[PDB]
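Asker: What follows is model-v5.cif; its format and atoms are mmCIF, C-alpha atoms and all ligand atoms.
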```
data_target
loop_
_atom_site.label_atom_id
_atom_site.label_comp_id
_atom_site.auth_asym_id
_atom_site.auth_seq_id
_atom_site.Cartn_x
_atom_site.Cartn_y
_atom_site.Cartn_z
CA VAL A 4 0.00 0.00 0.00
CA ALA A 5 1.31 3.44 -0.97
CA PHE A 6 1.19 6.57 1.17
CA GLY A 7 -1.74 8.72 0.07
CA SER A 8 -3.66 5.94 -1.69
CA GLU A 9 -7.30 6.78 -2.28
CA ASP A 10 -8.49 3.63 -0.56
CA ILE A 11 -5.78 3.32 2.06
CA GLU A 12 -8.28 2.85 4.93
CA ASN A 13 -9.77 -0.16 3.15
CA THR A 14 -6.42 -1.88 2.89
CA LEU A 15 -5.30 -1.11 6.41
CA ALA A 16 -8.61 -2.24 7.85
CA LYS A 17 -7.52 -5.77 6.99
CA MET A 18 -4.10 -5.55 8.67
CA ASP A 19 -2.47 -7.06 11.76
CA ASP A 20 0.36 -5.59 13.84
CA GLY A 21 3.16 -7.14 11.80
CA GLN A 22 1.40 -6.14 8.59
CA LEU A 23 1.13 -2.58 9.90
CA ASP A 24 4.80 -2.75 10.92
CA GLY A 25 5.63 -3.69 7.32
CA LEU A 26 4.34 -0.46 5.81
CA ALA A 27 6.69 1.97 4.06
CA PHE A 28 5.23 4.92 6.02
CA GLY A 29 4.42 5.74 9.62
CA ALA A 30 0.88 4.81 10.64
CA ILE A 31 -0.87 5.86 13.85
CA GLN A 32 -4.47 5.12 14.72
CA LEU A 33 -6.22 7.51 17.13
CA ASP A 34 -9.64 7.54 18.73
CA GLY A 35 -11.68 10.75 18.52
CA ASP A 36 -10.02 12.14 21.65
CA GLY A 37 -6.57 11.59 20.21
CA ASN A 38 -5.58 8.56 22.34
CA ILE A 39 -3.24 6.21 20.53
CA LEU A 40 -4.75 2.88 19.48
CA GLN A 41 -2.06 1.68 17.09
CA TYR A 42 1.47 2.91 16.25
CA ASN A 43 3.67 1.15 13.76
CA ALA A 44 7.37 0.41 13.56
CA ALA A 45 7.94 2.84 10.67
CA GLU A 46 6.58 5.69 12.78
CA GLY A 47 8.90 4.79 15.66
CA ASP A 48 11.80 4.81 13.14
CA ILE A 49 11.04 8.46 12.38
CA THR A 50 10.33 9.66 15.89
CA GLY A 51 12.27 7.55 18.32
CA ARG A 52 9.12 6.53 20.19
CA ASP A 53 8.75 2.91 21.28
CA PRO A 54 5.53 1.73 19.58
CA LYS A 55 4.73 -0.65 22.41
CA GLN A 56 4.81 2.10 25.03
CA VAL A 57 2.94 4.95 23.33
CA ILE A 58 -0.24 2.90 23.05
CA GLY A 59 -2.90 4.50 25.26
CA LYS A 60 -1.19 7.89 25.54
CA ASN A 61 -2.71 11.08 24.21
CA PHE A 62 -1.08 12.11 20.96
CA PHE A 63 -1.83 15.81 21.13
CA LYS A 64 -1.28 16.39 24.87
CA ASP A 65 1.69 14.18 25.68
CA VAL A 66 3.42 12.48 22.75
CA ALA A 67 3.39 15.12 20.05
CA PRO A 68 2.89 18.59 21.53
CA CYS A 69 4.14 20.31 18.39
CA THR A 70 1.04 18.99 16.65
CA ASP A 71 -1.23 20.77 19.12
CA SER A 72 -2.01 23.59 16.74
CA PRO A 73 -4.79 24.67 14.35
CA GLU A 74 -2.70 23.31 11.47
CA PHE A 75 -2.72 19.74 12.77
CA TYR A 76 -4.90 19.06 15.86
CA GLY A 77 -7.39 21.66 14.65
CA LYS A 78 -7.76 19.83 11.32
CA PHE A 79 -8.08 16.51 13.15
CA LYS A 80 -10.89 17.82 15.34
CA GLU A 81 -12.72 19.34 12.38
CA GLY A 82 -12.59 16.07 10.52
CA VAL A 83 -13.73 14.02 13.53
CA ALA A 84 -16.71 16.37 13.83
CA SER A 85 -17.61 16.45 10.16
CA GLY A 86 -17.29 12.69 9.76
CA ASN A 87 -15.21 13.20 6.57
CA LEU A 88 -11.60 13.22 7.79
CA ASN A 89 -9.30 12.96 4.77
CA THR A 90 -6.64 15.66 4.62
CA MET A 91 -2.96 16.07 3.64
CA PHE A 92 -0.33 18.65 4.65
CA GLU A 93 3.38 19.25 5.40
CA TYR A 94 4.62 19.54 8.99
CA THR A 95 7.77 19.53 11.10
CA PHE A 96 8.17 17.16 14.06
CA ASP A 97 10.63 18.45 16.68
CA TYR A 98 9.76 17.35 20.24
CA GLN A 99 12.36 14.97 21.71
CA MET A 100 13.69 14.25 18.21
CA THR A 101 15.84 15.98 15.57
CA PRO A 102 13.55 18.43 13.73
CA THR A 103 12.18 16.38 10.87
CA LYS A 104 10.10 17.56 7.88
CA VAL A 105 7.23 15.21 7.07
CA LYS A 106 4.10 14.89 4.97
CA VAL A 107 0.99 13.97 6.91
CA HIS A 108 -2.20 12.31 5.69
CA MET A 109 -5.11 12.04 8.14
CA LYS A 110 -8.04 9.82 7.20
CA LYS A 111 -11.06 8.28 9.00
CA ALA A 112 -10.84 4.53 9.54
CA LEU A 113 -13.58 2.07 8.64
CA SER A 117 -10.92 5.55 14.82
CA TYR A 118 -8.80 7.87 12.74
CA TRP A 119 -5.49 7.31 10.94
CA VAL A 120 -2.48 9.59 10.94
CA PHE A 121 0.03 8.59 8.24
CA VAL A 122 3.54 10.13 8.07
CA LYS A 123 6.43 10.00 5.66
CA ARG A 124 9.71 11.88 5.47
CA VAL A 125 10.14 14.64 2.95
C1 LIG B 1 5.79 17.37 17.71
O1 LIG B 1 5.96 17.49 18.94
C2 LIG B 1 5.71 15.99 17.11
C3 LIG B 1 6.02 14.88 17.72
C4 LIG B 1 5.68 13.52 17.27
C5 LIG B 1 5.06 13.33 16.03
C6 LIG B 1 4.68 12.03 15.75
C7 LIG B 1 4.99 10.87 16.48
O2 LIG B 1 4.65 9.72 16.09
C8 LIG B 1 5.48 11.15 17.74
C9 LIG B 1 6.00 12.41 18.06
#
```
As structure tokens, please, write out the structure in this file.
Answerer:
Amino acid sequence: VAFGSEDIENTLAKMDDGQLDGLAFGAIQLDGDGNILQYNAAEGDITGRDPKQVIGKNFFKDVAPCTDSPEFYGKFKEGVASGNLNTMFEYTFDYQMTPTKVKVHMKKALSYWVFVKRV
């Protein structure tokens, strides 16, 4: 599955942990409050977070404070509310990691996905 695929949520709906860990891009699944449900190996490779220990933490409050902004969190919340989350933008991740430019794709699951790749 490619980053930004039109039907990416269909493909990932079928996937187990190892399968998610085999993706070419970082993949995070959040509930509507931003708590982390899933977090793959590729994401940990970008961020330095241990995927096994971030599960259950709040993405916006505790893991990724730099994403607590209108440009990221605000877009998440709008898409949770509208029921149509499917949005793509550039961002920089810089909390407890080397500042790293990424592309982000947020999309509602068949739970909400946050997909990340380096740029
Ligand atoms: C800004 O603080 C971003 C941090 C971050 C982004 C994504 C991750 O998976 C974890 C940390």
Asker: Would you mind telling me which residue in A:20, A:75, A:81, A:69 lies nearest to residue 106 (chain A) when using all atoms listed in the file?
Answerer: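 Answer, going by the shortest atom-to-atom distance: A:75.
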Asker: For residue 125 (chain A), find every residue with an atom within 9 Å (counting only C-alpha atoms), except residues of its own chain fewer than 5 positions away, and show them as a PyMOL selection string.
Answerer: chain A and resi 93+103-106
Asker: Okay, now the selection with C-alpha atoms, as a PDB file, in the frame of the given file?
Answerer:
```pdb
ATOM      1  CA  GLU A  93       3.380  19.250   5.400  1.00  0.00           C
ATOM      2  CA  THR A 103      12.180  16.380  10.870  1.00  0.00           C
ATOM      3  CA  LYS A 104      10.100  17.560   7.880  1.00  0.00           C
ATOM      4  CA  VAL A 105       7.230  15.210   7.070  1.00  0.00           C
ATOM      5  CA  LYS A 106       4.100  14.890   4.970  1.00  0.00           C
TER       6      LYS A 106
END
```
Asker: Counting all atoms listed in the file, which protein, DNA or RNA residues come within 12 Å of ligand LIG 1 (chain B), given as a compact mmCIF listing (two decimals) with C-alpha atoms, keeping the file's coordinate frame?
Answerer:
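File produced: part_18.txt:
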```txt
# COMPACT_ATOMS: atom_id res chain seq x y z
CA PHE A 28 5.23 4.92 6.02
CA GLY A 29 4.42 5.74 9.62
CA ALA A 30 0.88 4.81 10.64
CA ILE A 31 -0.87 5.86 13.85
CA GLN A 32 -4.47 5.12 14.72
CA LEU A 33 -6.22 7.51 17.13
CA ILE A 39 -3.24 6.21 20.53
CA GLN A 41 -2.06 1.68 17.09
CA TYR A 42 1.47 2.91 16.25
CA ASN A 43 3.67 1.15 13.76
CA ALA A 44 7.37 0.41 13.56
CA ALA A 45 7.94 2.84 10.67
CA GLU A 46 6.58 5.69 12.78
CA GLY A 47 8.90 4.79 15.66
CA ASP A 48 11.80 4.81 13.14
CA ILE A 49 11.04 8.46 12.38
CA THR A 50 10.33 9.66 15.89
CA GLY A 51 12.27 7.55 18.32
CA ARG A 52 9.12 6.53 20.19
CA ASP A 53 8.75 2.91 21.28
CA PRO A 54 5.53 1.73 19.58
CA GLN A 56 4.81 2.10 25.03
CA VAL A 57 2.94 4.95 23.33
CA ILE A 58 -0.24 2.90 23.05
CA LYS A 60 -1.19 7.89 25.54
CA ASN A 61 -2.71 11.08 24.21
CA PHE A 62 -1.08 12.11 20.96
CA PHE A 63 -1.83 15.81 21.13
CA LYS A 64 -1.28 16.39 24.87
CA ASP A 65 1.69 14.18 25.68
CA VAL A 66 3.42 12.48 22.75
CA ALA A 67 3.39 15.12 20.05
CA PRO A 68 2.89 18.59 21.53
CA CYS A 69 4.14 20.31 18.39
CA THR A 70 1.04 18.99 16.65
CA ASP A 71 -1.23 20.77 19.12
CA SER A 72 -2.01 23.59 16.74
CA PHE A 75 -2.72 19.74 12.77
CA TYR A 76 -4.90 19.06 15.86
CA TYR A 94 4.62 19.54 8.99
CA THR A 95 7.77 19.53 11.10
CA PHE A 96 8.17 17.16 14.06
CA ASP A 97 10.63 18.45 16.68
CA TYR A 98 9.76 17.35 20.24
CA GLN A 99 12.36 14.97 21.71
CA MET A 100 13.69 14.25 18.21
CA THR A 101 15.84 15.98 15.57
CA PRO A 102 13.55 18.43 13.73
CA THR A 103 12.18 16.38 10.87
CA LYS A 104 10.10 17.56 7.88
CA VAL A 105 7.23 15.21 7.07
CA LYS A 106 4.10 14.89 4.97
CA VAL A 107 0.99 13.97 6.91
CA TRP A 119 -5.49 7.31 10.94
CA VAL A 120 -2.48 9.59 10.94
CA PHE A 121 0.03 8.59 8.24
CA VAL A 122 3.54 10.13 8.07
CA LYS A 123 6.43 10.00 5.66
CA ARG A 124 9.71 11.88 5.47
```
Asker: What is the CA of residue 13 (chain A) to CA of residue 117 (chain A) distance in Å?
Answerer: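 So the two atoms, CA of residue 13 (chain A) and CA of residue 117 (chain A), lie 13.0 Å apart.
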Asker: Kindly give the distance, in Å, that separates CA of residue 34 (chain A) and CA of residue 118 (chain A), rounded to a single decimal.
Answerer: 6.1 Å
Asker: Have a look at CA of residue 84 (chain A) and CA of residue 18 (chain A) and let me know their distance in Å, one decimal.
Answerer: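 The value is 25.8 Å.
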Asker: Find the smallest box with edges along x, y and z containing every listed atom of region 109-117 of chain A, then add 6 Å on each side and report centre and edge lengths in Å to one decimal, as lines of an AutoDock Vina configuration file.
Answerer:
```
center_x = -9.3
center_y = 7.1
center_z = 11.0
size_x = 20.5
size_y = 22.0
size_z = 19.6
```
Asker: So which one's closest to residue 85 (chain A), A:21, A:35, A:5, A:113? Using all atoms listed in the file, please.
Answerer: A:35
Asker: Taking all atoms listed in the file into account, name the residue in A:55, A:89, A:36, A:27 that is nearest to residue 6 (chain A).
Answerer: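 So, comparing all the options, the nearest one is A:27.
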Asker: Only N, CA and C atoms needed: put region 39-62 of chain A from the block into a file as an mmCIF file, in the first residue's frame.
Answerer:
```
data_model
loop_
_atom_site.group_PDB
_atom_site.id
_atom_site.type_symbol
_atom_site.label_atom_id
_atom_site.label_comp_id
_atom_site.auth_asym_id
_atom_site.auth_seq_id
_atom_site.Cartn_x
_atom_site.Cartn_y
_atom_site.Cartn_z
ATOM 1 N N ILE A 39 -3.883 7.038 21.548
ATOM 2 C CA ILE A 39 -3.237 6.213 20.526
ATOM 3 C C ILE A 39 -3.676 4.764 20.671
ATOM 4 N N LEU A 40 -4.314 4.254 19.622
ATOM 5 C CA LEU A 40 -4.751 2.878 19.483
ATOM 6 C C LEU A 40 -3.717 1.952 18.860
ATOM 7 N N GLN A 41 -3.093 2.441 17.801
ATOM 8 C CA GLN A 41 -2.064 1.681 17.094
ATOM 9 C C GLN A 41 -0.915 2.627 16.725
ATOM 10 N N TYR A 42 0.278 2.115 16.589
ATOM 11 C CA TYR A 42 1.469 2.905 16.247
ATOM 12 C C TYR A 42 2.494 1.931 15.680
ATOM 13 N N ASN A 43 2.855 2.142 14.415
ATOM 14 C CA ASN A 43 3.669 1.147 13.756
ATOM 15 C C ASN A 43 5.161 1.394 13.892
ATOM 16 N N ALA A 44 5.909 0.362 13.466
ATOM 17 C CA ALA A 44 7.372 0.409 13.558
ATOM 18 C C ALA A 44 7.941 1.542 12.725
ATOM 19 N N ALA A 45 7.420 1.779 11.521
ATOM 20 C CA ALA A 45 7.939 2.839 10.674
ATOM 21 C C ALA A 45 7.816 4.203 11.329
ATOM 22 N N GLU A 46 6.721 4.428 12.054
ATOM 23 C CA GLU A 46 6.583 5.695 12.776
ATOM 24 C C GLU A 46 7.659 5.809 13.849
ATOM 25 N N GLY A 47 7.867 4.759 14.637
ATOM 26 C CA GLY A 47 8.903 4.791 15.661
ATOM 27 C C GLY A 47 10.272 5.045 15.039
ATOM 28 N N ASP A 48 10.521 4.585 13.804
ATOM 29 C CA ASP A 48 11.804 4.809 13.137
ATOM 30 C C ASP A 48 12.041 6.276 12.829
ATOM 31 N N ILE A 49 10.963 7.028 12.642
ATOM 32 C CA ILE A 49 11.037 8.459 12.382
ATOM 33 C C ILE A 49 11.206 9.283 13.647
ATOM 34 N N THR A 50 10.517 8.874 14.698
ATOM 35 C CA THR A 50 10.331 9.661 15.890
ATOM 36 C C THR A 50 11.109 9.284 17.131
ATOM 37 N N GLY A 51 11.621 8.055 17.132
ATOM 38 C CA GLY A 51 12.273 7.550 18.315
ATOM 39 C C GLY A 51 11.358 7.041 19.400
ATOM 40 N N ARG A 52 10.055 7.063 19.223
ATOM 41 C CA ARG A 52 9.121 6.527 20.193
ATOM 42 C C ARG A 52 9.060 5.006 20.103
ATOM 43 N N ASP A 53 8.990 4.345 21.249
ATOM 44 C CA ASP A 53 8.753 2.910 21.279
ATOM 45 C C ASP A 53 7.274 2.613 21.029
ATOM 46 N N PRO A 54 6.944 1.945 19.927
ATOM 47 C CA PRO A 54 5.531 1.731 19.577
ATOM 48 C C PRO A 54 4.756 0.998 20.647
ATOM 49 N N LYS A 55 5.429 0.139 21.407
ATOM 50 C CA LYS A 55 4.734 -0.653 22.409
ATOM 51 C C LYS A 55 4.368 0.246 23.584
ATOM 52 N N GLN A 56 5.119 1.322 23.842
ATOM 53 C CA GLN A 56 4.806 2.096 25.029
ATOM 54 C C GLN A 56 3.988 3.351 24.827
ATOM 55 N N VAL A 57 3.764 3.786 23.591
ATOM 56 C CA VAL A 57 2.938 4.947 23.334
ATOM 57 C C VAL A 57 1.459 4.596 23.249
ATOM 58 N N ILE A 58 1.170 3.307 23.129
ATOM 59 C CA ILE A 58 -0.237 2.901 23.051
ATOM 60 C C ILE A 58 -0.951 3.356 24.334
ATOM 61 N N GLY A 59 -2.096 4.022 24.173
ATOM 62 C CA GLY A 59 -2.899 4.500 25.264
ATOM 63 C C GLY A 59 -2.634 5.932 25.675
ATOM 64 N N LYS A 60 -1.531 6.508 25.236
ATOM 65 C CA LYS A 60 -1.193 7.893 25.536
ATOM 66 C C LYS A 60 -1.945 8.855 24.630
ATOM 67 N N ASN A 61 -2.065 10.105 25.064
ATOM 68 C CA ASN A 61 -2.705 11.083 24.207
ATOM 69 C C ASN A 61 -1.711 11.748 23.280
ATOM 70 N N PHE A 62 -1.992 11.629 21.984
ATOM 71 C CA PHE A 62 -1.077 12.110 20.964
ATOM 72 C C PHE A 62 -0.849 13.597 21.082
#
```
